[PDB]
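One structure is given here, and the rest of the page talks about it.
Residue numbers (the authors' numbering), protein chains in the order written: chain A, 8 to 381; chain B, 8 to 381.
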């Protein structure tokens, strides 16, 4: 069909019907084991609780990791002023995968694309991108195998193989996934190249000498764009990227609302302990009942309760996630008491992260960039 | 109105009506004097015989040269397998101007754009671009003030200021001057940036520290694209390029035929003495009569005689150009005898050029590139 990231459902989003209509498999539990086997460690909860649910070519990517073949994990990030909670997912999971496999990570910061969407000057874009780098490095990657770049800084090293991707993508193939409006500026129309070319080893000749498989991380939101990228890969003889897709991280409104994360909508990774608490307690949509009697003798709907969903995505112990799931379902926890527990979990989460981020000073980021230079 | 380079006329192309409907002035003789004054030398015949006929902001550009202000001469060249006779004009005239004013020359080779028009691989495009550089250097520029670059090689140094130009040009402003067909590839649509961004000092920070005026050389064929570039200049606060436009160099078919120069259509700068002779003698459209009596008592039409037009563009001495103009007009030269004289003039022309080009070996081009590197 091929539409903008307005792939649709109702009340909640189904996923299995999305997963099938898109034509990609859900992560089989076997795959999750295989990861555990090769990781030599307990699986991440993003896998066990299905934060990451769907898969493109995972089996192939694991065949390669196992074969000691050249491979790399990839993410691309659109720099913004407000950094929403979502952004944590792909970063943290990349860290986990890196540690699990001891494998290169490359992260693209889209400073040019921001400038081209009339959302920042080159300088503005640059200050955001720097700040973003600090957020990324906070996760504590293997910096000897983590390459983080901004487009404006790395473009020349990559342009040849961009231009080949530009050659390979027709405007009409793409002017649906974005609503290109032909009053839109030229550069905006050409962007998709910049975003796709980075998913091929051929863009990173400093790091690879053979073709190397790419494992991209991304929201299921974009499955269709990735299918476009598969067709380009074939028409160029590049390797079709294996891609792992994650569930939507819900806004504080529910769950069914898909606007663009902002201070108004979501928790920001730059938030206070008190600001997070406020957002969970006052803004976070509740799935409980009205009469607290109904709540007891009918239950509570995790389903649409944003405060729970968030707990279910970002918590560490599956033990107390299930305890909550159970008790809230069987009316044993009123929403306020849930929101108390979730406020508590997110406070610790943001406080813990800020602690990791604190030492990533300017001095630090400059040292990393210098190590990274070539 | 804003159409593809299919700006139109009939029998011959008028130019004054083109010049007015486009809204640009014809080069006043005074301007030509002013050049002579500042050149300290006899004017080029490209000016005196009006090979270069129209002007955008010459008066301003001269004001600047005279004020010892930073300025530069610009051309862009589309690399091709067959190098047609036209290509000579802008190169030779750039050389002349450089010598006349002692001023920087920058020449952009459009290797990427070739690759993007499905006309060459990156390697094919590179071999053509090298060969081209050899043709360019043959003209004998002040190599200490002549910067010749290929897009793929220089893009990074220029990308920022490209992206600003991309931001500044709407697809609809441009999808008339080229027939962008939306089955067309993304990169092809974004090309115009690469072609416009190079006409601004901001792209060349290694060479300028203030804004610097740009004098572009180009066929009148493209006047409209340049008017687009004026609007981008304003919406970016860049300097509107002064532009000098040349007459069409006619194909061997006449004069009124505007297809794309090839071995079939025109003389190539790579041609033999004998190949040129053949083309002038057998292929070159004649403007003479049928009955050689009618030729005497009615004349000969320079007008459509390609062999003459060519002589009138590329000859050195205005003396024998006028002698021919006169005698052919008053029936005193039959076409064969004209084509004998023109064959002779072009033989010497191509032989002379080949002599200049011969020493521009690979070794030479590599030395130039090394000098040029930064």
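For each residue, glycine too, the CB sits at the ideal point set by N, CA and C.
Between residue 117(A) and residue 170(B), how many whole angstroms is the CB-CB distance? I'm expecting something under 8 angstroms.
Taking the first residue of the first chain as position 1, residue 117(A) is located at position 110. Taking the first residue of the second chain as position 1, residue 170(B) is located at position 163. In fact, because the Cβ distance is near 12 angstroms, the residues do not count as touching under 8 angstroms.
Compare the C-beta of residue 175(A) against all C-beta atoms of chain B and say whether one is closer than 9 angstroms.
Here residue 175(A) corresponds to residue number 168 of the first chain, with the count starting at 1. So yes, residue 175(A) belongs to the interface.
Going along the segment 120 to 136 of chain B in order, which residues come within less than 8 angstroms of chain A, judged by CB to CB distance?
Per Cβ criterion, the list reads 122, 123, 125, 129.
For the segment 141 to 212 of chain A, which segments carrying the alpha helix (DSSP H) assignment without a break, of at least 4 residues, lie completely within its bounds, in sequence order?
Runs found: 158 to 175, 178 to 181, 193 to 204.
So, for residue 268(A): in the same chain, excluding its five sequence neighbours on each side, which residues have a beta-carbon less than 7 angstroms away from its beta-carbon?
Walking along the first chain from the start, residue 268(A) turns up at place 261. Correct list, in chain order: 91, 93, 258.
Might you give, ordered along the chain, the residues of its own chain that have their beta carbon closer than 7 angstroms to the beta carbon of residue 127(A), omitting 5 neighbours on each side?
Position 120 of the first chain, counted from the first residue, corresponds to residue 127(A). So the qualifying residues of the chain are 121, 135.
Taking residue 168(A) as the reference, give the member of 375(B), 264(B), 129(B), 211(B) with the closest Cα.
Here the question's residue 168(A) lines up with position 161 in the first chain. With distances taken between Cα atoms, residue 168(A) lies closest to 129(B).
Where do the N-terminal and C-terminal ends of the beta strand (DSSP E) with residue 127(A) fall, by residue?
Counted from its first residue, the first chain places residue 127(A) at position 120. Taken as a continuous stretch (DSSP letters only), residue 127(A) belongs to no beta strand (DSSP E), as it is neither H nor E.
Quick one, are the C-beta atoms of residue 233(A) and residue 96(A) less than 9 angstroms apart?
Here residue 233(A) refers to the residue found at position 226 when the first chain is read from its first residue. Here residue 96(A) refers to the residue found at position 89 when the first chain is read from its first residue. Against a cut-off of 9 angstroms, the Cβ pair of residue 96(A) and residue 233(A) comes out as no contact.
Taking the straight line between their C-alpha atoms, what separation do you get for residue 279(B) and residue 271(B)?
Numbered from 1 along the second chain, position 272 holds the residue referred to as residue 279(B). Numbered from 1 along the second chain, position 264 holds the residue referred to as residue 271(B). Straight-line Cα distance between these residues: approximately 15 angstroms.
From the beta carbon of residue 338(B), is the nearest beta carbon of chain A less than 9 angstroms away?
Position 331 of the second chain, counting from 1, holds the residue named residue 338(B). Answer no: the Cβ-Cβ gap between residue 338(B) and chain A never drops below 9 angstroms.
Kindly indicate the opening and closing residues of the alpha helix (DSSP H) around residue 41(A).
Along the first chain, one-based indexing puts residue 41(A) at 34. Run containing residue 41(A): 36 to 46, per the alpha helix (DSSP H) assignment.
Please give me, in chain order, every unbroken run of the alpha helix (DSSP H) with length at least 4 that falls completely inside the segment 245 to 311 of chain B.
Counting only runs of 4 or more, we get 280 to 285, 299 to 303.
Residue 107(A) and residue 82(A): beta carbons closer than 9 angstroms?
As a position in the first chain, residue 107(A) is number 100, starting the count at 1. As a position in the first chain, residue 82(A) is number 75, starting the count at 1. No, they are not a contact pair.
So the alpha helix (DSSP H) residue 332(A) belongs to, where does it begin and stop?
Stepping through the first chain from its first residue, residue 332(A) is reached at position 325. That run of the alpha helix (DSSP H) goes 325 to 336.
In this structure, how does DSSP classify residue 27(B) when only helix, strand and coil are distinguished?
As a position in the second chain, residue 27(B) is number 20, starting the count at 1. Three-state DSSP puts residue 27(B) in a helix.
Distance, Cα to Cα, residue 320(B) vs residue 53(B)?
Walking along the second chain from the start, residue 320(B) turns up at place 313. Walking along the second chain from the start, residue 53(B) turns up at place 46. Going by the C-alpha atoms only, they are around 7 angstroms apart.
Taking the Cβ atom as the reference point for each residue, do residue 98(A) and residue 146(A) lie within a distance shorter than 9 angstroms?
Residue 98(A) sits at position 91 when you count from the first residue of the first chain. Residue 146(A) sits at position 139 when you count from the first residue of the first chain. It is a contact, given that the beta carbons lie within the stated cut-off.
How would you list, in chain order, the residues of chain B whose beta-carbon sits under 7 angstroms from the beta-carbon of residue 85(A)?
As a working note, residue 85(A) is residue 78 in the first chain. Chain B residues near residue 85(A): none, gap ~15 angstroms exceeds 7 angstroms.
Looking only at DSSP bridge pairs, what is residue 84(A) linked to?
For the purposes of this step, residue 84(A) is taken as residue 77 along the first chain, with counting starting at 1. In the DSSP output, where bridge partners are listed per residue, residue 84(A) has 116(A).
If you measure from the beta carbon of residue 96(A) to each beta carbon in chain B, is any gap under 9 angstroms?
As a position in the first chain, residue 96(A) is number 89, starting the count at 1. Closer than 9 angstroms: no.
CA-CA distance, residue 221(B) and residue 72(B)?
The residue given as residue 221(B) occupies position 214 in the second chain. The residue given as residue 72(B) occupies position 65 in the second chain. Computed Cα separation, rounded: 11 angstroms.
Which residues, in order along the segment 258 to 269 of chain A, keep a beta-carbon less than 9 angstroms from a beta-carbon of chain B?
Cβ contacts with chain B: none found.
Is there at least one Cβ from chain B nearer than 9 angstroms to residue 237(A)'s Cβ?
Locating residue 237(A) in the first chain gives position 230, where the first residue counts as 1. With 9 angstroms as the cut-off, residue 237(A) does not count as an interface residue toward chain B.
Do the segment 31 to 40 of chain B and the segment 50 to 66 of chain B make contact, defined as three or more Cβ pairs closer than 8 angstroms?
Because the criterion of three Cβ pairs below 8 angstroms is met, the segment 31 to 40 of chain B and the segment 50 to 66 of chain B touch.
Looking only at its chain, what residues have a beta carbon closer than 7 angstroms to the beta carbon of residue 237(A), apart from the 5 residues adjacent to it on each side?
What you label residue 237(A) is simply residue 230 of the first chain in a count that begins at 1. Cβ within range, chain order: 247.
If you draw a straight line from the alpha carbon of residue 358(B) to that of residue 88(B), how long is it in whole angstroms?
As a working mapping, residue 358(B) is identified with position 351 in the second chain. As a working mapping, residue 88(B) is identified with position 81 in the second chain. Those two C-alpha atoms are separated by around 20 angstroms.
Would residue 4(A) pass as a contact of residue 192(B) if the rule is Cβ separation under 9 angstroms?
Here chain A has residues from 8 to 381 only, and residue 4(A) is not among them.
So what does DSSP say about residue 32(B), is it helix, strand or coil?
For the purposes of this step, residue 32(B) is identified with residue 25 of the second chain, where counting begins at 1. Here residue 32(B) sits in strand by DSSP.
DSSP state of residue 240(B), grouped into three classes?
Within the second chain, numbered from 1, the residue matching residue 240(B) stands at position 233. In the structure shown, residue 240(B) sits in a helix (DSSP, three-state: H, G or I).
Using only the alpha-carbon positions, how far apart do residue 13(B) and residue 260(A) sit?
Position 6 of the second chain, counted from the first residue, corresponds to residue 13(B). Position 253 of the first chain, counted from the first residue, corresponds to residue 260(A). Approximately 56 angstroms, taken between the alpha carbons.
Helix, strand or coil for residue 106(B)? Go by DSSP, reduced to three states.
Within the second chain, numbered from 1, the residue matching residue 106(B) stands at position 99. Residue state, collapsed to three classes: helix.
Return the residues of the segment 156 to 172 of chain A that lie within a Cβ-Cβ distance of less than 7 angstroms from chain B, sorted by chain order.
Hits within the stretch, in order: 159, 162, 163, 166, 167, 170.
Closer than 7 angstroms, Cβ to Cβ, to anything on chain A: give me those residues from the segment 240 to 252 of chain B, in chain order.
So nothing in the stretch comes that close.
Is it right to say residue 350(B) is buried, meaning 16 or more other beta carbons lie within 10 angstroms of its own, or is it exposed?
Walking along the second chain from the start, residue 350(B) turns up at place 343. Buried: at least 16 other Cβ atoms inside 10 Å.
Does the Cβ-Cβ distance between residue 144(A) and residue 84(A) come in under 9 angstroms?
On the first chain, residue 144(A) is found 137 positions in, with the first residue counted as 1. On the first chain, residue 84(A) is found 77 positions in, with the first residue counted as 1. No, the Cβ-Cβ distance between residue 144(A) and residue 84(A) is not below 9 angstroms.
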